[PDB]
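Chemist: Dropping a structure here in structure tokens format, bear with me for questions.
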Amino acid sequence: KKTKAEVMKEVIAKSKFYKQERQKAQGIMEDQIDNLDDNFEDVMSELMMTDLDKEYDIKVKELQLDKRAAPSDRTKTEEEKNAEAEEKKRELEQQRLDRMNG
Amino acid sequence: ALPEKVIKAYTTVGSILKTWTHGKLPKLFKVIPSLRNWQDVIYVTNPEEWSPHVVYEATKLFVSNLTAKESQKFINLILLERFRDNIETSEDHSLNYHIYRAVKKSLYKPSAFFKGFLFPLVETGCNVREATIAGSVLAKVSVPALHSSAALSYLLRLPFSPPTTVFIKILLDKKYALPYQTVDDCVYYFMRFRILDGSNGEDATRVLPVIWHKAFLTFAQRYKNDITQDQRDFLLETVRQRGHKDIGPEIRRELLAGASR
RNA sequence: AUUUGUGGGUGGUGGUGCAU
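Chains as they are written, first to last, in the UniProt record's numbering: chain E, 204 to 252, 264 to 316; chain A, 205 to 401, 403 to 466.
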């Protein structure tokens, strides 16, 4: 009975969500039908009419003219690099053994 | 005073946007961008009540269709208001997925982001959490190199603060193109952070934060060559005077051994 | 006039005890 009531409550809430979605869609359709034209006509009949910017423009011009970049990553440990090389060598040796096997 | 029909249509469009996060936008919204009074239409519709997905869709439409200055101003205003509202609403100062999508669209818009939105957020003084979130979003979606260099230079020219420092840290993580003037701006910001022993300064004698220390470490790792011998020595002096212990040594070493432009 | 051929980075809008 509890699971049946759970299914019933979930279905009721889903139906409520679907009804809300349908109402929202109907409202949006009514808006697109009438308020769209009303707002278009009203906007046609109506009207609606720097230091940082200069610094940014100067910086952009300088970046276009000249550049000096070195995206160098952080240096890793020599022991870590040697271990990685050893692992790569082990993988290569295993691949060679597998190739020899078939 | 807007007409009665204009007010009714704008209110209907605003309510449709508020109650709609999925589906199709109204023809009112589809035709509002086709007019010149976009700001007036937005003000009449009260777009501050819209939903996050609707706001993201509107921002994308403004970026794709509207012009440079009009969409730039509209994006600046709407994005600043929405960011403040979302930061206030979220207890942990978190954003929504649609908000992040709209932010990515605004960042792709070069004029509306640095001049319109990033300038607005920095000028309004976004908090530390907001600055960190902005740095994460920028590292996720870096903008064009010219805009990135311009924003980095603007942040360097602006005084040292939480938002400018976090923007500088994000730019250092991105590792964009640094011109001669960009490297000069970075060195000027470093000098402004560093102390001077006739007229002293608050930002000169102040202590830098961990975000600033990490930004300085990344800058020393990356843009050593953009700094000449004099700028490298200046960075070494900054690491000695107003530097750190765990990050200050690497900063001094990179400033001493870095290439010159 | 933003995009391509070629390289290339790539997990935490993480959970997380505990002390403060």
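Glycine is no exception: its CB is placed at the ideal position from the N, C-alpha and C atoms.
Report yes or no: do the segment 289 to 301 of chain E and the segment 371 to 384 of chain A share at least 3 C-beta pairs separated by less than 8 Å?
Modeler: no
Chemist: Is the shortest distance between the beta-carbon of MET251/E and the beta-carbons of chain A less than 8 Å?
Modeler: yes
Chemist: Should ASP401/A and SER357/A be called a contact, given that it needs their Cβ atoms to be closer than 8 Å?
Modeler: no
Chemist: Could you work out which residue in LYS209/A, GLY406/A and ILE399/A is closest to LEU441/A when comparing CA atoms only?
Modeler: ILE399/A
Chemist: Which chain A residues sit within Cβ distance under 7 Å of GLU269/E?
Modeler: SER357, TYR358 and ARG361
Chemist: Can you check which of these residues, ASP241/E, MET314/E and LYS281/E, is closest to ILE211/A by C-alpha distance?
Modeler: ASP241/E
Chemist: Tell me which residue opens and which closes the alpha helix (DSSP H) that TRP242/A is part of.
Modeler: 242 to 249
Chemist: Buried or exposed for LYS373/A, please, with buried defined as at least 16 other CB atoms from any protein chain shown within 10 angstroms of its CB.
Modeler: buried
Chemist: State the DSSP-derived secondary structure class of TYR380/A, mapped to helix, strand or coil.
Modeler: coil
Chemist: Buried or exposed: where does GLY316/E fall if 16 or more other Cβ atoms within 10 Å of its Cβ makes it buried?
Modeler: exposed
Chemist: Among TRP242/A, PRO363/A, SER275/A and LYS344/A, which one has its Cα closest to the Cα of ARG411/A?
Modeler: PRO363/A
Chemist: Which ranges would you report for the alpha helix (DSSP H) in the segment 246 to 305 of chain A if only whole runs of at least 4 residues count?
Modeler: 256 to 269 and 272 to 293
Chemist: Would you identify the three-state DSSP class for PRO314/A, choosing helix, strand or coil?
Modeler: Assignment of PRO314/A by DSSP, reduced to helix, strand and coil, places it in the helix class.
Chemist: Cα-Cα, which of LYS277/A, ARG240/A and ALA213/A is closest to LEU239/E?
Modeler: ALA213/A
Chemist: Quick one: give me the first and last residue of the alpha helix (DSSP H) that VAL326/A is part of.
Modeler: First-last of the alpha helix (DSSP H) with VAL326/A: 323 to 328.
Chemist: Measuring alpha carbon to alpha carbon, tell me which of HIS257/A, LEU284/A, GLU327/A and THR271/A ends up nearest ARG305/A.
Modeler: Answer by Cα proximity: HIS257/A.
Chemist: How long is the line joining the alpha carbons of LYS205/E and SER352/A, rounded to whole angstroms?
Modeler: 59 Å
Chemist: Can you name, in chain order, every residue of its own chain whose Cβ lies under 7 Å from the Cβ of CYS330/A, other than the five neighbours on each side?
Modeler: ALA338 and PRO367
Chemist: Is there a Cβ of chain E sitting closer than 8 Å to that of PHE318/A, yes or no?
Modeler: So yes, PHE318/A belongs to the interface.
Chemist: Per DSSP, what kind of secondary structure is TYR428/A in: helix, strand or coil?
Modeler: coil
Chemist: At a Cβ cut of 9 Å, what residues of the segment 223 to 248 of chain E count as close to chain A, listed as they run along the chain?
Modeler: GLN223, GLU224, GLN226, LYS227, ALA228, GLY230, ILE231, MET232, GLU233, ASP234, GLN235, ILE236, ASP237, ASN238, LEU239, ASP240, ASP241, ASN242, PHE243, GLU244, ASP245, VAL246, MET247 and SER248
Chemist: What is the DSSP secondary structure of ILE399/A, reduced to helix, strand or coil?
Modeler: Coil.
Chemist: Along chain A, which residues have their Cβ under 7 Å away from the Cβ of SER286/E?
Modeler: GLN426 and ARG427
Chemist: Spatial neighbours of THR336/A within its chain, please: CB distance less than 7 Å, with the 5 preceding and 5 following residues excluded, ordered by chain position.
Modeler: In its chain, beyond the 5 residues on either side, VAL370 have a beta carbon closer than 7 Å to the beta carbon of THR336/A.
Chemist: List, in order along the chain, the chain E residues whose C-beta lies closer than 8 Å to that of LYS212/A?
Modeler: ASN238 and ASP241
Chemist: Can you tell which of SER365/A, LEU360/A and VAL307/A has its C-alpha closest to the C-alpha of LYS344/A?
Modeler: Per the Cα distances, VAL307/A.
Chemist: Does the CB of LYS273/E have a neighbour CB from chain A at under 8 Å?
Modeler: It does: the Cβ of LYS273/E has a partner Cβ on chain A nearer than 8 Å.
Chemist: Return the CA-CA distance between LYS281/E and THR423/A, expressed in angstroms with no decimal places.
Modeler: 18 Å
Chemist: Would you mind giving the Cβ-Cβ distance between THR443/A and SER465/A, rounded to the nearest angstrom? I have them listed as a contact below 8 Å.
Modeler: That pair is no contact at about 17 Å.
Chemist: Looking at the structure shown, is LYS290/E part of a helix, part of a strand, or coil, going by DSSP?
Modeler: coil
Chemist: For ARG396/A, which residues in the same chain have their Cβ closer than 8 Å to its Cβ, ignoring the five residues on either side in sequence?
Modeler: Counting only Cβ-Cβ distances below 8 Å, and skipping sequence neighbours, we find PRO363, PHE364, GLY406, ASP408 and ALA409.
Chemist: How would you write the range of the alpha helix (DSSP H) that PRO454/A sits in, first residue to last?
Modeler: 453 to 462 is the extent of the alpha helix (DSSP H) around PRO454/A.
Chemist: Start and end of the alpha helix (DSSP H) containing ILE272/E?
Modeler: 265 to 279
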